[PDB]
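Protein chains get the first letters and strands the later ones, always in sequence-line order, with residue 1 at the start of each.
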There are 2 protein chains.
Amino acid sequence: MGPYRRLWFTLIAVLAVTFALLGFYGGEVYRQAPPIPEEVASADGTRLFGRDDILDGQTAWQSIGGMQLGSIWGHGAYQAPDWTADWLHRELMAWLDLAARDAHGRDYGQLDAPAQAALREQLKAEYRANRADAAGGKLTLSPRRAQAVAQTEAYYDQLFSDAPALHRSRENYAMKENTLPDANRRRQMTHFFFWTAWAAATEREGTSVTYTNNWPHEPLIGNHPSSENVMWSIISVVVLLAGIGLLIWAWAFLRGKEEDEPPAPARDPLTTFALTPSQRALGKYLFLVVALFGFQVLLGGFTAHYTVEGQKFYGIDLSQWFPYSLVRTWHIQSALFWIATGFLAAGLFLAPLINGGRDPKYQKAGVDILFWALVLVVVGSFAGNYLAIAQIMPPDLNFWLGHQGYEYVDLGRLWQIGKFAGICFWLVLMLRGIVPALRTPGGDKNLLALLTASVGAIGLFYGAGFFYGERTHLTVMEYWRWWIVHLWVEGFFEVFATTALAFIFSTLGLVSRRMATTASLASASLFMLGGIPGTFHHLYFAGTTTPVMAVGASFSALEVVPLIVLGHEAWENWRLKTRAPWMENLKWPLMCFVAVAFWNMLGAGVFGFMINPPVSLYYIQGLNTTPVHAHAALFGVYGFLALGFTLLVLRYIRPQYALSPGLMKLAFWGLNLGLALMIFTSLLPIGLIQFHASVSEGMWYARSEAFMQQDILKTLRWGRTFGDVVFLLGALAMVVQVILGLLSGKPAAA
Amino acid sequence: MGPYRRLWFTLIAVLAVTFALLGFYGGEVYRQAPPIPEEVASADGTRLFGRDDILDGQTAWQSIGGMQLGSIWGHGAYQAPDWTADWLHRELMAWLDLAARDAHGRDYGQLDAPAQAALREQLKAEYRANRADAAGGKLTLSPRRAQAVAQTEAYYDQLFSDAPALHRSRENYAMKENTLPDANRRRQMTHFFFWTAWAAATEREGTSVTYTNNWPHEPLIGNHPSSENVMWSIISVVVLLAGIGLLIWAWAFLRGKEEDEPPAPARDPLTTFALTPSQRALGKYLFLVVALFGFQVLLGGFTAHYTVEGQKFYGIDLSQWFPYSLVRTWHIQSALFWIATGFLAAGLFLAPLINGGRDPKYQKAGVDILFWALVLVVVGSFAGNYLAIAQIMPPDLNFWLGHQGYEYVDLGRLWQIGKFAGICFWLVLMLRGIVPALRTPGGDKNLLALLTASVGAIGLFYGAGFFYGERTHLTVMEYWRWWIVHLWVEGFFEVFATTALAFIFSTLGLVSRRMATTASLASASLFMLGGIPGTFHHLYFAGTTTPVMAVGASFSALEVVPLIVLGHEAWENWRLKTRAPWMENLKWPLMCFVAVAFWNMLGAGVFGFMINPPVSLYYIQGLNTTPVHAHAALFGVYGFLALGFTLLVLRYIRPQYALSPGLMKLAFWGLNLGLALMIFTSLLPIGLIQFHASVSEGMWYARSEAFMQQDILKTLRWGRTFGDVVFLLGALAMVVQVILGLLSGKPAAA
Ligand code: HEM
Ligand code: HEM
Ligand code: HEM
Ligand code: HEM
Ligand SMILES: CCCCCCCCCCS[C@@H]1O[C@H](CO)[C@@H](O[C@H]2O[C@H](CO)[C@@H](O)[C@H](O)[C@H]2O)[C@H](O)[C@H]1O
Ligand SMILES: CCCCCCCCCCS[C@@H]1O[C@H](CO)[C@@H](O[C@H]2O[C@H](CO)[C@@H](O)[C@H](O)[C@H]2O)[C@H](O)[C@H]1O
Ligand SMILES: COC1=C(OC)C(=O)C(CC=C(C)C)=C(C)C1=O
Ligand SMILES: COC1=C(OC)C(=O)C(CC=C(C)C)=C(C)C1=O
Ligand SMILES: [Ca+2]
Ligand SMILES: [Ca+2]
Ligand SMILES: [Fe+3]
Ligand SMILES: [Fe+3]
C-alpha cells in the first residue's frame, strides 16, 4: 500500500457498507417477496390454480422470451404491454363490468361517474385487501374476481395464440402469431400474469402499499406512488444535488494544487514491448467485438422494424422465425457479449503487458480457448433463444438451453454457466499476467491491485446470476439479476475500464501512476458508493418494500454524482492527446473515452437520473425513457469504452495500421450523433408522451396498443430510423475500420 | 467593450430572451388570472357577494398581515393554514356533509367508502365545473355549495374573531385573538378566502386543470398535479442535470489554460485610497446592517416562539401587540432591509473608490440622507405594520401605510415608494461615483459597466412592485411581487454582489480584471439565464397556466446549474486569502463569501431545487421546506454577502481595527452551524413530515392544526431552539464584532 491507504480504506469501507446495504436489504427482498399463494381458489371454494401453476406460468412466459416480450412489473420489453399492468387493468375492468351489471345491469363504461366511483371504491376495497392466508397458503378470489380472472385468462389465451381476433394486437405488440402455442402453457402463463397483477394490486399486510409498491399506476385500485416513494424521490434529488455540490466543493478545496507531470515518453511505451503471442491472438476478439456490435446494431434495426411493423418485413412474416422477442433478445445479448468482449480483450491485451510484456505460459492457448468459449456461448445461447422463442425447445430445457426470459440474462442457464466459466477463465488469464506483477518485490502495486480487484469483480460477480433458477420468485430473480446487469456491468465493468485506462495512461507515461492509482481508487469509491446499493433502483416495484426503494433511490442519487462531473475527467483524459505526439495514434480511442464521459454524464447520469427517483420511475418504468437511458448509458458508456478499448488494442496489435480519419469521423460522429438522434428524436419524445399517458391514465394505458398505435407515436417510432441509420453508418464505419485494421496484419487469424 | 464582446452579447442575449419569457408569460399571467366573478350568486338566485366583496376581503386579509398570517395559494406564512386549502377542505367537507345528509341522512364520515366515493364524485363534478359566466360575469353556486360556503364563512368569522371555541386554533395558528375584529371585514375576508378556494377548485374552461393548476392537493376534488406539472417536473430535473453536466463539460473544455496572475500588490490597494467622507459615513450603515440583523434574528426567535406558543410569552399575551403576524412581517422585512443595506453600503463604499478614491460632490450628504431615508422607511413601515396588524390603521390606509399583506413587500405602499426613492437615490450616489469612472477616456471599463448595470438593476427593478395595488388580482400581484423578491433580490443583488466582489478583488490586484470582468459577465449570464424566467417558479399555482409552470420549472432548473458548481468559485475566492499577506485582514469577509458559495449551493441550489419542480412544489408549497430554503438561501447567501460586505467595508472604514478571531469564529460558525441546525434538525424534518402529510392527505392536512400540533412536530419545532440559539450566538458575535469595530477609532455608529 503506502500513499493510498486512505483511498483504499475508503474503497473497502464503501464496499463493506454498500454490500451490507445490498446483502441486508437482500434478506428483506427475499422475506417481503409477494407470496405465491400455494392455492388460488374462488370464494365458492373451487381451486383455480396454485403456486406450481403460477411458477409453470413463469416458465411458459420465460419460454416465449419473458422480459423480451413486454414487461412484468415494468421489467422487459416495451412494444408489448406490461403484462402485469395490462392484466390488472383488464381484470379490474372485467370486475367493474361484472360489478356494474350486478348492481346496474349496465357496463361500468355505461354508468355515471358517481356509480363508477362507488364501483371503483368496491373494486379498490376488494383488490387491495385480497391478501393470501398467513404463510401465503391460500388466495381466495371473490367469485367476481374469479370471473374477471377467467375472462382475463381468456383474453391472453387468445393474444398469445393465433386467434385472428387479436392479430392486430399481436402486430401492434410485435408478438409472433402463436407466441405460446401450447394451450396449457398459455393457461399456466395467465396464472403467472394473474399472480403478478395480484401482487401488483394486493396491499402488504398492515400497509396501504401493494407488494409492488403500488406499481403499476392503476388509478382504478388507487395504485399511486406511496407517500414514502414520494418522500425518497425528493430526498434522492437533494441527495443528488447535495452530492454534486459537496463533491465539487470537496474537489475544489481538497485537490492540493497537484504536482508530478513528467514529460511524456518519446516513444509510446506500449509500442516498446513486442506483441506477445496472446496479444496478437486478440485480433479475432477485436473482430468478434465489431462483428457482434454490427450484428447487434442490425438486431436493433430488426427490433425497431417490429415496433413499426410487428410481423411482416417486405410481406414475409419474419416473426415466425425472428420475432421481436428473439431479435430483441439477441439485440440485448449481443450488446453484452461484444461489450464484455471489448473489456475481456482490453484486459487480455494488458495481462502480458503487466507481467513485463511477456505471456504467462499458455496465455495464447487460453486467449484462443476463451475466444471459442465465448463464440460457443454466443452461438449456443443465440440458438437456444431461437429455439426457445420458436417453442421447439422442450419447456423443461428452456431455462438451461433456451431463454431464461430475464432481460440481460436471457441466455439459457447452461450458456450463462458457459459465459461464467469463460469470464472465470479470463479471470485466470488476467491473473496469469497480473499475479507475477503483484508478487514481484517491487514499487507501487496499488493500481495493479485495484485492477486485479476489478478483474476478480468481473471474474466472479456474474455468478450472482446463479442465485435464481427457473422457478425462483420474480422478486428474488430480480434481486440477483440486477447484481449482474447493474452491479457487474454498470459497476465492476466501469471500475475495470477506469482502472485499465488509469493503468494504460500511467504505463504510457501520460499520468504519474500516483495520479492514476489515486484517480482510480477515488473513482472506484465514487462509483461503488452509489453504484452498489443503486442496484435497488431496479427493484423498487419488483415485489420489494419501501426500504429497498429508499436505499435504491438515495444511493442511485449518489451514483449520478460522479457521472455529472465527468466533464472534468473527460477533459483530463482528452488532455493526454497533447502530452506526446504519438498520442495521435490513440486519438480515436481517446475520443471514445471522452464519448464515454459524455454519455456517462448524459446517458447514465442525466437519463439514468431522469428515471431514477421512485416517483418518476413509478410512472416511467417500462416506458421509452428506459431504452433512452439504456441506449445512451449502455452504448454511450460501455459501448464506446469497448470500442475505445477495441481501437486501443487495434492500435497496438496492428501497430503500423493508421485509422482512416474520415472513416473514424463517420464511425465516431455517426455513433455519437446516431445515439443522440435515436434518443432525442424518437425514444425520449415517446417516453415523455407515454410518461404523460402513464401519469394521466395509468401504466396499462401508456403501454396499451390503442395508445402506442397513435399517429404521433407511429411517426416518432418511424423517425427513429434517422438516428438508427446515422448510427448504423457510424457502427458500420467503426466495424469496417476495425476489420480493415485487422486485415492489415495476417488476415487468417481473425 | 473589447475582449468581452461575446460575454456581453451573451448577457444581453440572456437578458433579451429571459425578459421576453418573463414579459410574454406576464401577458399570459394577466390573461389567464382566475376571474373574480362580478357576482357570486346561489343557483336559487340570491346574490352572495361579488368582485368588490372578494377584493374588499383581499384588503381585510392584507390588513391582518396577509401572507404573514398563513398562506393563500401556498404563499405566505406556515403556522396558520393555507387559507385556500383550509377553506377548500372545509367547504368541500361541508358540501359532503350536506350531500351525505340529503342522500343518506348520515354525515360523509358516517358513510361507507362507496357512498363516500360517489359523494366525492358528485363534489368533484360540481366544484371542478363551477366556472363563472363568460367575461367572469357571474359565479352561480349550487345551493349546497352556497350553504357549504355559508358554514365555511361562519368558521372563519369565528377563527379570525375572539370566539373562544376557536381559541386553541388561534393559539395553534399563532393568530392573535380578534385577528380581524370588524365582523364586516371578516365576512369580506371569507369572500376573498372563498374566491381563492374557488379558483383553486374550478377547472379552467376547456382544461382538466384548476386556475391554480390543481393547487392545492385536495384529493376530494381530484386536485392532483396536472400531467403537465409532472412532465415539466421530470424535464426540470433533466434540464438541471444536463445543465450541470454540460456546464462542467463546457468549463472543462472551454477554459483555455488561463494566464495573467500578477503578484498581488504589497499593500492592500483599497488602504492606499484615503477614506472619503462618504465612506466614513458608512459606519452607521454597518451599524444599521448589524442592528437590523440582530433585530431580525430576535424577531425570528419571537416568530419561532409563536410557532410553539401562539399567544403568551411568560403568560403575558404578547400577540395583542406583537403577534406572529407582526413579528413574522418584521422578521422578513428586517431581513430585506439589513441585507439591502449591506449591499447599498458595499456599493456606496465602492462608488467613491471607483472615481479614484474621491467623493462626488455631496456624496457624504447623500450617504447620510439615504441612511435616514432607509431608517425612516424601516421605522415607518414597521410602525405601519404594527398599526395594520393591531387593526388601528384605517382599512383604506392599510395598503399605503400599513401592511400590503404580501410577503417581502409587506411594507405599506408609501414606505415601498420610500424604499424605492431610497434605492433610486442610492442609484444616483453610486452613478455619482461610477459615471466619472465610465466617462474617463481610459482602459477596461467592462466590469464597471457590468457594475453600473447591476447598480441600475438594483436601482430600478424594485419599481416592478408598483404594478400591483391593493385590489390588484392576487395572480397579478404575484407576478409583480416575484419580480421584487426573486428577480431583484435573488437575481440583481447576486449579480451586483458578484460584480462588486469581482471589482473589489480586481481592484485589490487579487484577480487580473480580465479574469474579473470575464468571471462576472459569465456569472451574470449564468444567473440571469435561469434566474429571470425562474421568477415563474413562484407563480406555478398562483392562478397561472402550465406554460408559466414550464418556463418556471425549466429555467429554475437552469438557475440551480451555476449554484451547484459554486464549490469551484468558492475555492477561487478563498484562494485570494493566500495571494497577499494583507488578505488576512479580509479573512472573515472572504469566509463569508465562501459561506455564500456554500449556501448558494446548498440553500439556494439544493434546497431551492428540492422545492422547485412543479410536482414537488405542488405538494410542498407552503410547507416547512420553503422556510428551509428561504433561510438557507436568503441568510446563507445574501445574509453572508451582506455581512461579508459589512466586514469588508468595516475592514476599510476602521482600517486599524483587527477582528477578534474568537468572536468571528463564533459569529461565522454560529451563523453557518446555527443555520444548518435550524434547517436540518427542525425545519427540514418538519417540511418532510408535512410533505408526507401533504402527499398522503392533502395540503389542508399538512397545514392543519391537528397535524401541526402532533408531538413529533411540537418536538421538532421546539428543537429549532438549538440552531436558533447557536445562530443567535453567531449573529450576536457578528453584531458585537461589527459594533466594536465601529466603536473603535472615533466611534461613529448612528
Ligand atoms: C441502430 C441502433 C439501434 C437500434 C435501432 C436499437 C433499437 C432497439 C430497440 C427497438 C429496442 C427495444 C425497445 C423495446 O423493448 O421495444 C432496443 C433495446 C435495447 N437496445 Fe438497442 N438499438 C440500437 C443500438 C443499440 C446498441 C448499440 C446497444 C448497446 C450496445 C443497444 C442496447 C439495447 C438495450 C440494452 C436494449 C434493452 C433496453 C431496455 O430494456 O431498456 N442498442 N434497442
Ligand atoms: C453507464 C452506467 C449505466 C448503464 C450501462 C446503465 C444501463 C441500464 C440499462 C441497460 C437499463 C435498462 C435495464 C432494463 O431494461 O430493465 C437501465 C435501467 C435503469 N437505469 Fe441504468 N445504467 C447506468 C447508469 C444508471 C444511473 C447512473 C442511474 C440512476 C442514477 C440508472 C438508473 C436506471 C434506472 C432507474 C433504470 C430502470 C429503468 C426501468 O426500470 O425501466 N442507471 N440501466
Ligand atoms: C434565529 C434565527 C432565526 C429564526 C429562529 C427564524 C425563524 C423564522 C420563523 C419562525 C419563520 C416563520 C415560519 C412561518 O411562516 O411560520 C421565519 C421565516 C423567515 N425567515 Fe427567519 N428566522 C431566523 C433567522 C433568519 C434570518 C437570519 C433570515 C434572513 C436574514 C431569515 C429570513 C426569514 C424569511 C425570509 C422568512 C420567510 C420564509 C418563508 O416564507 O419561506 N430568518 N423565520
Ligand atoms: C440565493 C438565491 C435565492 C434566494 C435568496 C431565494 C429566496 C427564497 C425565499 C426567501 C423564498 C420564500 C419565498 C416565499 O416565502 O414565498 C423562496 C422560495 C422559493 N425558492 Fe428560492 N431563493 C433562491 C434561489 C432559488 C433557487 C436556486 C430555486 C430553484 C431552482 C429557488 C426556488 C424557490 C421556490 C420554488 C420557492 C417557492 C417555495 C414556496 O413557494 O413555498 N430559489 N426563495
Ligand atoms: C422532480 C422529479 C420529477 C419526476 C418525478 C415526478 C413523478 C410525477 C408524480 C405524479 S402525480 C400523478 O398525477 C396524476 C395525474 O396527472 C394524478 O392521478 C390522478 O389524476 C387523474 C387525472 O388525469 C385522475 O383521473 C386519476 O384518478 C388519477 O390518476 C396524481 O397526481 C398522480 O397519480
Ligand atoms: C422528485 C420529487 C417528487 C415530488 C412529487 C411527488 C409525487 C406525488 C405523487 C403521489 S400520488 C398521490 O399519492 C397519494 C398517497 O401518497 C394518493 O392518495 C390516495 O391513495 C392512497 C392509497 O393508495 C391514500 O393516500 C388515499 O386513500 C388516497 O387519497 C393520491 O391520490 C395520489 O395521486
Ligand atoms: C423503422 O423501423 C426500422 C426498420 O424497419 C421498418 C428498418 O429496417 C431500419 C433500417 C436500418 C437498420 C439499422 C437496419 C430501421 C432504422 C428501423 O428502425
Ligand atoms: C425557548 O422556546 C422557544 C421559543 O419561545 C417559545 C423561541 O423563542 C424559539 C426561538 C429560539 C430562541 C432564540 C429562544 C423556539 C424555537 C422555542 O422553542
Ligand atoms: Ca427492459
Ligand atoms: Ca412565505
Ligand atoms: Fe442500474
Ligand atoms: Fe425564486
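Shown here is B/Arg106, whose CZ atom has no more than 12 heavy atoms of other residues, nucleotides or ligands within 6.0 Å.
Side-chain contact between A/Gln122 and A/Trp95: present, with at least one pair of heavy atoms (C-beta onward) separated by less than 4.5 Å. A/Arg471 places a side-chain heavy atom less than 4.5 Å from the side chain of A/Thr59. At a threshold of 4.5 Å between non-hydrogen side-chain atoms, the residues A/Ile620 and A/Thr626 do not count as touching. Residues A/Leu119 and A/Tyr108 are in side-chain contact: their nearest non-hydrogen atoms beyond the backbone lie under 4.5 Å apart. Annotation: side chain of A/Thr152 is not in contact with side chain of A/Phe194 (no heavy-atom distance under 4.5 Å). Within the 4.5 Å cutoff, no side-chain heavy atoms of B/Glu218 are placed close to those of B/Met699. When side chains are defined from C-beta on, A/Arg481 counts as touching A/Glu478, because their heavy atoms get closer than 4.5 Å. Between B/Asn223 and B/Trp215 there is no side-chain heavy-atom pair separated by less than 4.5 Å.
Using modelled atom types, one side-chain atom of A/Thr212 and one backbone atom of A/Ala200 make a donor-acceptor pair closer than 3.5 Å. For the pair B/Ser616 (side chain) and B/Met610 (backbone), a donor-acceptor distance under 3.5 Å is present. Panel note: side chain A/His217, backbone A/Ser694; a donor-acceptor pair is recorded below 3.5 Å. The backbone N or O of B/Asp711 lies less than 3.5 Å from a partner atom in the side chain of B/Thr715, making a donor-acceptor pair. Formation of a donor-acceptor pair under 3.5 Å by the B/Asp82 side chain with backbone atoms of B/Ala85 is found in this model. Under a 3.5 Å cut-off, the side chain of B/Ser682 and the backbone N or O of B/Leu716 do form a donor-acceptor pair. No side-chain donor-acceptor contact under 3.5 Å links A/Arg47 to the backbone of A/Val40. A distance-only check finds a donor-acceptor pair linking the side chain of A/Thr202 to the backbone of A/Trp198 [under 3.5 Å]. Looking at B/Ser696, its side chain does come within 3.5 Å of a backbone N or O of B/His692 through a donor-acceptor pair. No donor-acceptor distance shorter than 3.5 angstrom exists from the side chain of A/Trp232 to the backbone of A/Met549, with no hydrogens or angles considered.
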Applying side chain to side chain contact (heavy atoms under 4.5 Å, CB included) to A/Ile234 and B/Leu688, what does each step give before you reach the verdict?
CA-CA 9 Å; A/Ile234 237 292; B/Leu688 295 177; 4.0 Å; yes

Please lay out, stage by stage, how A/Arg128 and A/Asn214 fare under the test side-chain hydrogen bond (donor to acceptor under 3.5 Å, both in side chains).
CA-CA 10 Å; A/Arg128 294 190 82 79; A/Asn214 292 347; 2.9 Å; yes

Assess whether side-chain hydrogen bond (donor to acceptor under 3.5 Å, both in side chains) is satisfied between B/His224 and A/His224, documenting all intermediate values.
CA-CA 11 Å; B/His224 303 281; A/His224 303 281; over 6 Å; no

For A/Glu203 and A/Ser208: C-alpha separation, side-chain torsions, deciding distance, then whether side-chain hydrogen bond (donor to acceptor under 3.5 Å, both in side chains) applies.
CA-CA 6 Å; A/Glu203 290 182 352; A/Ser208 60; 5.4 Å; no

Would A/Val29 and A/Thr475 count as a side chain to side chain contact (heavy atoms under 4.5 Å, CB included) here? Give the steps.
CA-CA 7 Å; A/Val29 171; A/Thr475 296; 3.5 Å; yes

Trace of the side chain to side chain contact (heavy atoms under 4.5 Å, CB included) decision for B/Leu88 with B/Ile221
CA-CA 9 Å; B/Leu88 191 52; B/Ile221 51 165; 4.0 Å; yes

Intermediate values then yes/no, side chain to side chain contact (heavy atoms under 4.5 Å, CB included), A/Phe192 and A/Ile72
CA-CA 10 Å; A/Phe192 171 65; A/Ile72 295 298; 4.0 Å; yes

Assess whether ring pair (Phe, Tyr, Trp, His ring centres under 6.0 Å) is satisfied between A/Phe541 and A/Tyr618, documenting all intermediate values.
CA-CA 8 Å; A/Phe541 307 123; A/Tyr618 177 87; 5.5 Å; yes

Go through it in stages, so that I can follow the logic: the residues are A/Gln58 and A/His191, the test is side-chain hydrogen bond (donor to acceptor under 3.5 Å, both in side chains), and I'd like the CA-CA distance, side-chain angles, deciding distance and then a yes or no.
CA-CA 9 Å; A/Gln58 200 174 258; A/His191 299 333; over 6 Å; no

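Note that the CD1 atom of B/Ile686 and the NZ atom of B/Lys714 stand 12.5 Å from one another [nearest 0.5 Å]. Distance CG/B/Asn624 to CD1/B/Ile679: 12.0 Å, rounded to 0.5 Å. Here CG of A/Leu141 is found 11.5 Å from CD of A/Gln147. Values are rounded to the nearest 0.5 Å. Expressed to the nearest 0.5 Å, how far CG of A/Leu539 lies from NE2 of A/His537 amounts to 9.0 Å. To the nearest 0.5 Å, atoms CD1 (A/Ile36) and CG (A/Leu55) are separated by 4.5 Å. With rounding to the nearest 0.5 angstrom, the OG1 atom of A/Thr140 is 9.0 Å from the CG atom of A/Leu48.
Scored by the ring-ring contact (aromatic ring centres under 6.0 Å, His included) test, A/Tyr468 finds A/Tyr406 as partners (sequence neighbours excluded).
Note on ring orientation: taking the six-membered ring where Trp is involved, the planes of A/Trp195 and A/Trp73 are tilted (angle from 30° to 60°). Between A/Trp480 and A/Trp483, the two ring planes are tilted [angle within 30° to 60°]. Ring pair A/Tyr479/A/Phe536 is tilted by interplanar angle, where 30° to 60° counts as tilted.
Remark: A/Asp86 does not engage A/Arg703 in a salt bridge, criterion side-chain N to carboxylate O under 4.0 Å. Ion pairing of A/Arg145 with A/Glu91 is present here, as a side-chain N (NZ or NE/NH1/NH2) and a carboxylate O approach within less than 4.0 Å.
A side-chain contact (heavy atoms from CB on, under 4.5 Å) with B/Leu220 holds for exactly one of B/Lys124, B/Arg120, B/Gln116; it is B/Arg120.
Donor-acceptor pairing under 3.5 Å is recorded for the side chains of A/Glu28 and A/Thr545.
In this structure, A/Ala94 and A/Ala148 approach most closely via the heavy-atom pair CB-CA, 3.7 Å. Between A/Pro533 and A/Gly530, the closest heavy-atom pair is CD-O, 3.6 Å. Annotation for B/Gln690 and B/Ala702: closest pair NE2-O, 2.9 Å, computed over non-hydrogen atoms. In this structure, B/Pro613 and B/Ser236 approach most closely via the heavy-atom pair CB-OG, 3.5 Å. The nearest pair of heavy atoms linking A/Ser554 to A/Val239 is O-CG1, 3.5 Å. Minimum heavy-atom separation, A/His75 to A/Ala542: CE1-CB, 4.5 Å.
Ring-centre distance between A/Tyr30 and A/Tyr25: not below the 6.0 Å cut-off. Ring centroids of A/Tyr156 and A/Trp87 are separated by less than 6.0 Å, placing the two rings close together.
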